[PDB]
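In the order they appear, the protein sequences are chains D, H, A, E, B, F, G and C. Just remember that the entry's author numbering sits 28 ahead of the position in the first sequence, which is counted from 1. Just remember that the entry's author numbering sits 28 ahead of the position in the second sequence, which is counted from 1. Just remember that the entry's author numbering sits 38 ahead of the position in the third sequence, which is counted from 1. Just remember that the entry's author numbering sits 38 ahead of the position in the fourth sequence, which is counted from 1. Just remember that the entry's author numbering sits 23 ahead of the position in the fifth sequence, which is counted from 1. Just remember that the entry's author numbering sits 23 ahead of the position in the sixth sequence, which is counted from 1. Just remember that the entry's author numbering sits 10 ahead of the position in the seventh sequence, which is counted from 1. Just remember that the entry's author numbering sits 15 ahead of the position in the eighth sequence, which is counted from 1. Report on one structure; see the data block that follows.
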Amino acid sequence: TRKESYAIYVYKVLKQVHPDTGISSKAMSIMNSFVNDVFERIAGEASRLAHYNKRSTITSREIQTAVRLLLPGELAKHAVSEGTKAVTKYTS
Amino acid sequence: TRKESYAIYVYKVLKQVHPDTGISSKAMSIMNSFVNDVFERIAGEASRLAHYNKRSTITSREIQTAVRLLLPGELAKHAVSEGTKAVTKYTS
Amino acid sequence: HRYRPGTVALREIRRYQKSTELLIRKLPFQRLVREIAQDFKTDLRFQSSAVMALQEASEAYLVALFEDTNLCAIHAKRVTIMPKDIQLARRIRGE
Amino acid sequence: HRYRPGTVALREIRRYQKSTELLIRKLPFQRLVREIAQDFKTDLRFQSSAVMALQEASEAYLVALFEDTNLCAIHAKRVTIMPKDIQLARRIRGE
Amino acid sequence: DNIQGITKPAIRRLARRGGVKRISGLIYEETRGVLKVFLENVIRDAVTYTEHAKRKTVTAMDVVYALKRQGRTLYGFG
Amino acid sequence: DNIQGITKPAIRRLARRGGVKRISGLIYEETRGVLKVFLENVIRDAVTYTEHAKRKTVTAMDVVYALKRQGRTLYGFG
Amino acid sequence: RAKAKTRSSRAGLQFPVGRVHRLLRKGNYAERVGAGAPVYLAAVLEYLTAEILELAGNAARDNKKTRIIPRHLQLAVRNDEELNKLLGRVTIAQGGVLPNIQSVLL
Amino acid sequence: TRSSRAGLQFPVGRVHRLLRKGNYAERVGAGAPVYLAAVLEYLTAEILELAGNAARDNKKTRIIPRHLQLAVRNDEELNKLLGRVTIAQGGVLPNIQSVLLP
DNA sequence: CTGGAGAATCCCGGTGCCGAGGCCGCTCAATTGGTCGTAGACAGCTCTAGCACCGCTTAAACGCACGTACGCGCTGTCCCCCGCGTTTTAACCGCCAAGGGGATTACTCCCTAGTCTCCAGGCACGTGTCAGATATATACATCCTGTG
DNA sequence: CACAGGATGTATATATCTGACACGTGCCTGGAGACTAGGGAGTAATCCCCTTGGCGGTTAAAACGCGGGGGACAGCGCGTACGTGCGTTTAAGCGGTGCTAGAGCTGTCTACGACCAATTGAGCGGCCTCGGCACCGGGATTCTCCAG
C-alpha cells in the first residue's frame with residue numbers, strides 16, 4: 029500500500045540550499061519525522077488558539093500566533109516573515 | 029453568560045465518599061480545572077490513538093487504552109475497571 | 039537571650055511550610071510585572087486576577103527551585119545554598 | 039609501557055564521543071527486552087526495528103543521565119561518579 | 024528599577040518555604056535574575072495571547088494559557 | 024538473568040560517551056536498575072499500543088509512540 | 011414519547027454523560043464519537059474525582075475541619091504517590107508545599 | 016498547484032488536506048495552509064543548511080544522522096526547539112568537563 | 001549532665017461575619033424517536049518477516065595482578081551570615097471618582113465546505129555509479145620516564 | 001625540577017569495491033477548478049464593570065547595624081579501590097537454511113453513529129441565611145539554652 033511522505037519536498041529544499049549536498053535514507057527519515065513533529069506542534073497550537081477564542085476557523089493569524097508561541101526569538105520572527113510573504117503572494 | 033462546570037457532580041461524588049465534608053469555592057475551582065485537565069489529556073490521547081490506527085471513531089476501547097497509557101498503575105487499573113463496568117451497565 | 043545560628047531559620051522553615059500565603063509584596067510585584075510588560079506592548083492593562091496568577095506561578099517556581107538548590111548544596115556537603123547550586127539545578131532541569 | 043590511571047579513560051571519552059554506534063551488545067539487549075516484555079504479554083514477537091528503537095532510546099537516555107551525573111559529581115569536587123550522583127541527577131530531573 | 028522592589032526578606036521567605044536553612048548573600052541577585060527571566064517568558068506568551076484576542080487587557084486566562092503552554096499548568100484561576 | 028548481559032564494559036562505554044572520567048564500582052548495578060526501569064516504562068506503553076491494535080507483534084511505531092508519550096521523541100523510525 | 015432519562019442514570023454514574031459527549035463532539039477530537047466512549051470517560055473522570063475528594067476529605071478531617079480547602083487537596087495529591095505522578099507538572103494555587111526538612115539541616 | 020501560487024516547495028494542497036483531516040478545527044482558512052507550509056519549509060531549510068555545514072565538517076558530502084545531530088545541538092534556537100528530541104544514530108557532542116582534563 | 005528561665009507555639013473559648021449551601025424561576029441542551037449511509041467487523045487469502053537452528057570466527061567479556069591518585073577524614077582559620085533590637089518606608093486598607101474597554105446584540109456578507117470532473121504531481125519500482133566503508137602503510141602527535 | 005626520546009595511538013593519503021542514492025518510468029488517486037449554499041465572523045453601537053488614578057491613615061515590614069559562632073574552605077595525610085594491562089574463555093556476530101505465524105489486504109454487509117425536529121427537566125443564575133472559620137486574647141506545654 030502506497031505511503032505518502034515529505035521526502036521529495038525535503039529533498040528539493042536540500043538541493044536548493046546546498047545544490048551538491050545529499051541526504052541518506054536514515055537522515056531523510058529523521059527529516060520526515062521533524063516535519064511531522066513541527067507540523068503537529070504548530071497545528072495543535074493553532075487549534076487551541078482557535079478554541080480559546082471560540083473560533084471555527086484556523087486562519088493565517090492563528091498560524092502566525094502559533095509560530096510566535098512555539099518558536100524561539102529569531103526563528104519565530106523569520107518564520108513569521110516567511111509565512112506573511114507566502115500569504116501575501118498567494119492572495120496576490 | 030452561562031458558565032458550565034462540574035461542581036454539582038463533584039458535590040454528589042463527595043456526598044458519596046464524604047457525607048458531611050463540604051468544600052470551599054477555591055477547592056471547587058481546583059477540582060473543576062482538574063477535571064478539565066484530565067478530560068483534555070484522555071481525549072487527546074484517545075484522539076491520537078484513533079488516528080494511529082486509522083479509525084474515525086473514538087470508542088470505549090480507545091478511552092480504555094488512553095486510560096492505561098495516562099494513568100499510573102493502580103489508578104489506571106481501577107479506572108479501567110470502573111469504565112468497563114459503567115459501559116456494561118449502560119449497554120445492558 | 040539569644041538563639042544559636044540556625045534555630046530561628048528552622049523555625050521559619052517549619053512556619054512557612056505550614057502556611058500557604060504569598061510571600062512577595064503584591065504592589066512591588068505588580069509594578070515589576072507592568073514594567074516588564076512595557077517592552078512587549080504599551081498602554082497595556084492587567085486584570086487583578088492575571089497579576090495574582092503570575093504571582094502564584096512565580097512563587098511556586100521559586101520555591102521548587104530553592105528545593106532543588108538545597109539538594110544540590112547538600113550534595114556538596116554544605117548547608118548554605120550558593121549561586122552555583124542554583125546554576126547546577128537549572129542546568130540539570132534544562133534551563 | 040603503562041599509561042597513568044585516567045589517560046586511557048580520556049582517550050575512550052574522545053573516541054566514543056566522536057562515534058555514533060550503539061554501545062550495548064545487540065543479542066543480550068534483545069534477550070533483556072523480550073524477558074521484560076514477557077511480564078506484560080506472553081508469546082510476543084518483536085520487529086527488528088522495534089528492538090533497535092528501544093536500544094537507541096535506552097542508550098541516548100543513559101548517556102544524558104551520565105552527563106548529568108558527571109555534573110553532579112563535579113559539583114561535590116569529585117571526578118568519580120557514584121550512585122549518589124546518579125540519584126541526585128534523577129531527583130532534580132523529576133524521576 | 025522596580026526589580027529591586029523584590030526585597031531580600033521576600034527571597035529569604037521563599038527559600039525557607041523551600042526548606043533552605045542557610046542562605047549566601049549572593050543568592051538574592053541570582054534569584055532576581057531568575058525571577059525576571061521567568062516573568063519575561065510567561066509575560067511574552069501572555070501578551071501574545073492578548074494580542075491575538077485583539078484585547079488591550081491581559082486577563083487571568085492569558086496567563087493560565089501561557090503557563091500551561093510552558094508545561095506549568097496552574098489550577099485555581101479557571 | 025538477562026540483565027547481566029548489559030556488562031560492565033558496555034556501561035563503561037556508555038559512561039565514556041557521557042563524559043565520565045572515573046567510575047565507581049557501585050555504578051554498574053545502579054545503571055542496570057535505571058535501564059531496567061526505563062525499558063519497563065517504554066515497553067509497557069509499547070505493548071499497550073500493540074494490544075490496542077489487536078496485534079501480537081510489537082512494532083517500531085508502538086515504540087516511537089511510547090517514547091513520544093514520555094516526552095522523549097525519537098527521530099528516524101517513522 | 012417517554013420520560014426523559016439521562017444516560018448518567020442508565021450508567022449508574024454521577025458525572026454528566028451528555029455534556030461530556032457534546033464536549034467531545036465539538037472538541038475536534040475525532041470525526042465520530044462512539045456511544046460508549048462518553049460513558050467510559052465519565053466513569054474515569056468520576057473515579058479520579060472520587061479518589062482525590064476522598065483523600066482530601068481525610069486530610070481535612072485530620073485538621074479537624076469539615077470543609078475541603080486547597081491545602082487539603084494539595085496534601086492529598088502530594089501525599090499520594092500516583093496522584094503526585096499524575097499531577098507532577100501542575101501548580102495548585104494557594105496549595106503550599108509538603109513539610110520536608112532535609113535531615114542534614116537539623 | 017497552490018504551492019506554485021504561494022511560491023513554495025512544500026505542498027500547500029497536501030498540508031491543507033492534512034489540516035482538514037487532522038481534526039484541528041471545523042474549518043480551515045485559505046491562508047492557514049500557505050502560512051504553515053512556508054514556516055515548515057523555513058525550519059527545514061535552516062536545519063538542512065546547518066547539517067550540510069556539519070557534513071562538510073566531517074569531510075562528508077552526504078548528510079547522515081550524525082550531521083543532523085551536530086547541526087541541531089550546535090545551534091541554540093534549534094536546540095531549544097528540539098530540546099526533548101532524540102536523533103537516532105546522532106551521537107552526542109564532544110564535550111569533556113575542564114575539571115577532568117590533565 | 002541536669003535544671004530552671006525564657007521564648008515560641010499551641011490549645012481553649014468567646015465573637016462575629018461572610019461565604020457555602022439550599023431553594024426558586026427558567027431556559028436550552030440533553031433525550032426520544034426515526035432515517036440513513038458508511039465505518040468497521042469478519043472471513044478468506046497472500047506472503048512477509050520473525051523465530052529457530054546451526055557452524056565458525058574472533059571480538060569482547062572475564063578474571064587477575066599491581067600501583068597510584070583520588071576520596072575522605074581531620075584540623076584550623078576567618079569571615080560572613082544569623083539572631084535581634086531600632087528606625088524608616090511604603091505597603092496596605094478603605095474609600096471616591098472617571099471612563100476604557102470587555103462583552104453583548106444585530107446584521108450582513110463573503111469565505112469556506114461540499115460536489116463533481118479531470119488530470120498531473122507524487123509514489124512504487126528499477127537501475128547504475130560514485131561516495132563512502134574498509135584496509136594499509138605511514139607520518140606525525142602524545143604521553144611518560146629517565147636524565148641532566 | 002624541565003626537556004629527550006621512545007613507545008603508543010591516531011590522523012592521513014591511497015587503493016578496492018559495493019550498495020545505497022539519485023534519477024527516470026508508469027500510473028492513479030488525490031489535488032485543482034468551477035460553482036452553489038449557508039453560516040462564521042467582521043462591524044458598529046451600546047452598556048456597565050472593572051481598571052486606573054488619587055488620597056489619607058496605620059502599622060507591618062524592610063532596611064540597618066551589631067556581636068559572635070559556626071560553617072566554608074584550604075591544607076594534609078593515608079589507604080583502598082579503580083585504572084591499566086595481560087592472558088583465557090565464551091558467547092556474540094554473521095552467514096545461511098527452513099518453516100509458519102500473523103500482518104496486511106480485500107470484499108461483504110450490517111449495525112452504529114450523525115443528523116434533525118420537538119419536548120422537557122437538569123442545571124444554572126440569583127438570592128438569602130446561618131454556622132464554620134477567622135480572629136483576638138489569654139494561659140498551658142514544649143522546646144531551647146546557658147550557667148553551674
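Just so it is clear, CB atoms sit at the ideal spot from N, CA and C, and this is done for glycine as well.
Of all the options the options, which has the alpha carbon lying nearest to the alpha carbon of residue i?
i	options	result
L42(H)	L97(G), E56(G), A103(G)	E56(G)
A89(F)	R52(E), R83(E), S57(E), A88(E)	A88(E)
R96(H)	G111(H), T49(H), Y118(H), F62(H)	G111(H)
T82(F)	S96(E), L100(E), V101(E), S86(E)	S86(E)
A102(E)	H75(F), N64(F), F100(F), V57(F)	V57(F)
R128(A)	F104(A), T45(A), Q68(A)	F104(A)
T16(G)	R71(G), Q104(G), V49(G)	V49(G)
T45(E)	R45(F), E63(F), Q93(F)	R45(F)
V87(G)	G22(G), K75(G), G106(G), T76(G)	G106(G)
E91(G)	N38(G), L65(G), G46(G)	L65(G)
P109(G)	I51(A), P43(A), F78(A)	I51(A)
Give the straight-line distance between the Cα atoms of residue i and residue j, rounded to the nearest whole angstrom.
i	j	result
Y37(D)	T59(C)	9 Å
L82(E)	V71(A)	56 Å
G98(C)	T96(F)	10 Å
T71(F)	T80(B)	46 Å
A33(F)	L65(E)	13 Å
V43(F)	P121(E)	13 Å
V43(C)	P100(H)	37 Å
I70(D)	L96(C)	12 Å
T54(B)	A47(A)	19 Å
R71(C)	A53(C)	27 Å
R131(A)	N81(H)	35 Å
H75(F)	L103(H)	19 Å
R40(A)	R49(A)	14 Å
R92(F)	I86(H)	19 Å
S47(B)	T118(E)	27 Å
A91(A)	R67(B)	15 Å
Which residue or residues does DSSP assign as beta-bridge partners of residue i?
i	result
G50(D)	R77(C)
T96(F)	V100(C)
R42(G)	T85(H)
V114(C)	Note: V114(C) sits in no beta bridge, so no partner.
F84(E)	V81(F)
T118(E)	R45(F)
Which stretch, first to last residue, makes up the alpha helix (DSSP H) that contains residue i?
i	result
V41(H)	35–45
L103(H)	102–119
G28(G)	27–35
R67(B)	50–75
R17(C)	17–20
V46(E)	45–56
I74(E)	64–76
Going along the chain, which residues of its own chain have a beta-carbon closer than 8 Å to the beta-carbon of residue i, five neighbours each way excluded?
i	result
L60(A)	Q93, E94, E97
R36(B)	none
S18(C)	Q24, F25, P26, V27, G28, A52
Can you list, in chain order, the residues of its chain whose CB lies under 6 Å from that of residue i, leaving out five sequence neighbours each side?
i	result
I124(E)	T107
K31(F)	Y51
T73(F)	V81, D85
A78(H)	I86, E90
CB-CB under 7 Å to residue i, same chain, minus the five flanking residues each way: which ones, in chain order?
i	result
residue 23(F)	Since the first residue of chain F shown is 24 and the last is 101, residue 23(F) is not available in this structure.
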